[PDB]
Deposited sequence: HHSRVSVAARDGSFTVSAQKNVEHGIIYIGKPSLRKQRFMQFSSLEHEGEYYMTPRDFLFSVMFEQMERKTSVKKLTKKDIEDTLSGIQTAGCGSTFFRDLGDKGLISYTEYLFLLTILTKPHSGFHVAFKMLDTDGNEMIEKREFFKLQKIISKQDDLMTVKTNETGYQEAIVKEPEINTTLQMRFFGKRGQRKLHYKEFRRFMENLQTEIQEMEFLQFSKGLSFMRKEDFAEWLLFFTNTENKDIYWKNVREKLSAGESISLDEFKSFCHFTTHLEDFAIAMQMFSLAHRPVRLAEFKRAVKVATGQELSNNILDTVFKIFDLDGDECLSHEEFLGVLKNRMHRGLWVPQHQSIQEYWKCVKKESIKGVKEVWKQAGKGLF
């Protein structure tokens, strides 16, 4: 039913096809539920807007409202939003079928669109960026990887800034709220009790720490298959064990502030050392 979300948020109209402006894609990924016309001037707008916005991590924010996002670009971005980095490469290989280390326009454009159409019946910005103004250039691995990482970093920045009330630093209370919303387990008042009684009015959480925790959250299955050793032996996990475990199983090095906060929040037994039931049996949602 992704087509329903898309046709709901989409804004521009051309012969029964509904295109999104980028500021609609940002809303679609940020806001869960919230609250037309297209003309050739809008077409020229989207044709021109690609040059104004840089290819950095702030691509979509600088674009603004001058853009076009087809349905397949929307589904592809959704796919590439939750890619564990180990998968990056393989995704490229699934588009590059001839194996020339490059994605031709007809290599993917025909492919994703054609499987869309086939499951149905039975010049947009991202394309203008991946294949130049005339739709003839080629894509390589380094630009694809930089774009994936920039998109993920941009969504992470927007999450952090939405939850920190526009300020440069979250407070540990606000990150606790973010974590509780994320594990969709705010119902249990025990976590609110813990954050009220142990997380004082103190240290903040900068941008990089939140970004590191996010990158850890996407690699959660590797972490589960790393800790299955302790799980099959029914062993609680101290702080140093957990820090080295994330550092090894996901490559990301978690700060001591974020781990202190998590240990303070999810400590039901009050032992200063987490266990499988209290952390992974809960984050199975993610």
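Residues of the deposited sequence lacking C-alpha coordinates fall in the stretches 1-33, 69-73, 161-179, 344-383, numbered from 1.
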